[PDB]
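Throughout, read-outs are computed from the coordinates displayed, never taken from laboratory work. For neighbour counting, all protein chains shown are included, and Cβ atoms are generated from backbone atoms with ideal geometry for every residue, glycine included.
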Amino acid sequence: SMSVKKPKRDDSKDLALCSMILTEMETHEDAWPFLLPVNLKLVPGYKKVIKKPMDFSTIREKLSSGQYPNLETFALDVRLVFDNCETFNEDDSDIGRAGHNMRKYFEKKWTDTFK
């Protein structure tokens, strides 16, 4: 509350460390469905169904330009990529499996770097 604060967690490396995580996600062999925005002209149903499209290149641009206020808003966009994937793709598909795999990969790096 006013003049009453928990001890200050050092967040000075968060930007650099999110960048590193994102580099590792970008280079994963199963990243291919997520590298670029889904083409809304060429994929019927995507624009209407997926209200907030997100992809690794959009996260990279937001990160590089100071549009994440804190490490949680970063995690929320990474998770959005996978939530969108699950919304649109059957579990028993190459893309559906890719999304599950990458979400696992992410969640471990997130826990190991920050928890």
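Below, the figures for the structure above:
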{"read-out": "Relative contact order of the chain, defined on C-alpha pairs under 8 angstrom at six or more residues apart (%)", "value": "28"}
{"read-out": "Magnitude of the charge dipole, the chain, Cβ model with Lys/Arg +1 and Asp/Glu -1, debye to 20", "value": "620"}
{"read-out": "At most 13 other Cβ within 10 Å, DSSP loop - trypsin sites (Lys or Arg not before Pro), segment 43-79", "value": "51"}
{"read-out": "Segment 49-108: GluC sites (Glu not before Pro) in DSSP coil with no more than 16 other Cβ atoms inside 10 Å", "value": "90"}
{"read-out": "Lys/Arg +1, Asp/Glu -1 at C-beta; the chain dipole; positive extreme among 20, 69, 95", "value": "69"}
{"read-out": "Residue 67 versus residue 52: modelled label distance in nm, points set 7 Å from Cα along the beta carbon direction", "value": "1.3"}
{"read-out": "Efficiency of FRET between residue 31 and residue 1 - r from beta-carbon atoms, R0 41 angstrom, step 0.05", "value": "0.40"}
{"read-out": "Residue 79 paired with residue 101, simple spin-label distance in nm, labels 7 Å along Cα-to-beta-carbon", "value": "2.4"}
{"read-out": "Whichever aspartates and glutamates have a C-alpha closer than 12 Å to that of residue 115, once near sequence neighbours (fewer than 8 apart) are set aside", "value": "107"}
{"read-out": "Gaussian network model of the chain, Cα within-10 Å springs - most flexible of 75, 31, 16", "value": "16"}
{"read-out": "Kirkwood Rh, angstrom, the chain [1 / mean 1/r, Cα pairs]", "value": "15.4"}
